[PDB]
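Worksheet: one structure, shown below.
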Ligand SMILES: [Zn+2]
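Residue numbers (the entry's author numbering): 189 to 210, 221 to 454.
As structure tokens, then:
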């Protein structure tokens with residue numbers, strides 16, 4: 189007797205056990231210039247919020263902005279979904295912060311982390327399509343949407359079309375809400391071109407986002423499909439999509 193059910197064997201590997209969560223940014227500048235495990239780039243929502251003035255004078259400083267922006271886009275062009283989910287996390291948590299402090303998405307003046315939201319978003323979704331979406335999503339109604347939101351963003355501009363498409367749909371299933379979080383900073387940055395119902399969706403996703411949510415949703419989605427998907431190629435593609443999580447040269451922090 190035993191019962192192998194009470195073991196979360198579906199949870200996969202575990203390199204860090206769950207640990208319960210309870221003025222200098224040069225270490226964050228130096229994290230940006232190197233690839234590292236995310237646990238080495240990690241930081242707390244409230245640590246960043248304490249460091250807003252200072253990290254703001256860094257990301258909006260003119261010196262090397264051209265390099266950090268190209269460098270981030272270079273990583274995101276070659277990174278897998280672990281890199282890109284890391285970038286999406288960093289920018290979602292950064293935005294949420296600058297807003298709380300009275301900032302806004304004004305394309306005039308450059309913010310390193312923000313000036314790449316749309317590039318990073320395009321890159322993630324383009325990599326999402328490397329999955330066997332058909333195997334993953336299941337419900338035909340959900341897969342139908344997800345596949346289309348991925349079609350528009352991945353091919354061409356068409357960001358407004360994908361933002362608008364999401365505003366119409368109810369996002370009570372994980373795959374769509376994920377992609378919504380991905381587009382939330384492209385969404386806000388495109389606020390005066392999208393449907394009012396989009397404008398409201400992305401606004402709320404932004405204010406209701408907590409720093410784990412994107413790497414979380416991506417994790418549990420991939421995790422639970424592969425508790426049953428015995429398919430050899432679907433698993434092989436899932437592995438290709440998320441490459442090294444240690445390929446993040448442009449990333450300044452991984453938020454929590
Ligand atoms: Zn599968």
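Ideal Cβ placement from N, Cα and C applies to all residues, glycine included.
Check	Outcome
Cα separation between residue 429 and residue 324?	22 Å
Grab me the residues of residue 383's own chain with a C-beta within less than 6 Å of its C-beta, minus the 5 sequence neighbours each way, in chain order.	289, 293, 315
How about residue 461 and residue 418: do their beta carbons lie closer than 7 Å?	The shown model of the chain, from 189 to 454, leaves out residue 461, and the question about it has no answer.
Is residue 417 close to ligand 1? I mean its beta-carbon at under 6 Å from any heavy atom of the ligand.	no
If contacts are defined as beta-carbon pairs under 8 Å, then residue 392 and residue 355 qualify, I think. What distance do you get, rounded to the angstrom?	Contact doesn't hold; Cβ gap of about 13 Å is too wide.
Whose beta carbon lies closer than 5 Å to any heavy atom of ligand 1, going through the chain in order?	333, 427, 429, 432
At the level of alpha carbons, what is the spacing between residue 375 and residue 284?	17 Å
Considering only their Cβ atoms, is the gap separating residue 279 from residue 440 smaller than 7 Å?	yes
So residue 243 packs on residue 454, CB below 8 Å; how close in whole Å?	7 Å
In the DSSP assignment, find the unbroken alpha helix (DSSP H) run with residue 250 in it and report its ends.	250-257
Provide the residue span of the alpha helix (DSSP H) that contains residue 383, from first to last.	372-387
Closest to residue 437 by CA distance: which of 416, 318, 452 is it?	416
Within a Cβ cutoff of 8 Å, which residues of the same chain sit near residue 421, ignoring the five residues on either side of it in sequence?	198, 199, 200
Return the bridge partner residues of residue 453 from the DSSP annotation.	241
What residues in its chain sit with their C-beta under 7 Å from that of residue 345, if we drop five residues either side in the sequence?	331
What is the rounded straight-line gap between the Cα of residue 291 and the Cα of residue 300?	15 Å
Counting C-beta neighbours from all protein chains within 10 Å, is the total for residue 423 16 or more, i.e. buried, or is it exposed?	buried
How about residue 380 and residue 322: are their beta carbons less than 7 Å apart?	yes
Using the three-state DSSP reduction, which class does residue 443 fall into: helix, strand or coil?	coil
Quick check on the burial criterion: 16 or more other C-beta atoms within 10 angstroms. Buried or exposed for residue 452?	buried
Put residue 203 into one of helix, strand or coil per three-state DSSP.	coil
With C-beta atoms as the reference, is residue 340 less than 7 Å away from residue 373?	yes
Going by the beta-carbon positions, is the gap between residue 369 and residue 360 smaller than 7 Å?	no
Take the Cβ of residue 402 as the centre, count every other Cβ of all protein chains shown within 10 Å, and call the residue buried at 16 or more, exposed below.	exposed
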